[PDB]
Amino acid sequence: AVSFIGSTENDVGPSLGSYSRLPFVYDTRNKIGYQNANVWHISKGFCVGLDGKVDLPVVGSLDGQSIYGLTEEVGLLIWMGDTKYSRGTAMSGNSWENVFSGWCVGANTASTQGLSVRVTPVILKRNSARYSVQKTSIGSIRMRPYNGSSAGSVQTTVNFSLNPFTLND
């Protein structure tokens, strides 16, 4: 079986977080992220993976992944995937992409399916040596059942918004 147990709207990163160092990529590791091991409860052989989609405009590229734009001065590299941040899939474009190939829980057991979203800031332009970014809608992640598993009457999609932050130049 499957049931939705998480939240529809999720914030990425600590609000008002500040990060210090073209394009220039800020090393923020996993600090600007959202992670929740338990978004769907699954059991008895349910098989599920994850699809992700970024709605921000693509303003460039870096090593194969899109630089998504927030402001004329700030962009973002974005990853979406299974719970642990190391499993993140680098996002490109604006279409649904497979960000977690999936797994099946046991026939006689139960567990949960989670997810993570992580971004790293990119300075596109310079300017009081500071860059502010308002709360911004990023995109979404939808569970992707397989092997005959069914979404049934369950919420399949959750959204993500980037919490406001400040970059120090």
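When you see a residue number, it is the position in the sequence shown, counting from 1.
Per the records, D51 is modelled in every other compared entry, just as the shown structure includes it, so no third of them leave it out. Of the other compared PDB entries of this protein that include residues on both sides, at least a third leave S128 without atoms. Gap between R21 and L22: 4 to 9 deposited residues without coordinates. In terms of unmodelled positions of the deposited sequence, the stretch from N127 to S128 in this entry skips 1 to 3 residues. If you average the C-alpha B-factors over 68 to 76 and over 82 to 90, the higher value belongs to 68 to 76. Relative to one another, 31 to 39 and 128 to 136 have unequal mean CA B-factors, and 128 to 136 is the one with the higher figure.
For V105, the recorded CA temperature factor ranks within the middle third of the chain's modelled residues. Placement of the Cα temperature factor of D55 within the chain: middle third of the modelled residues, per the deposited record. In the PDB entry, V122 places in the middle third of its chain by CA B-factor. Placement of the Cα temperature factor of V48 within the chain: lowest third of the modelled residues, per the deposited record.
Per the PDB record, residue ranking by Cα B-factor puts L62 in the highest third of the chain.
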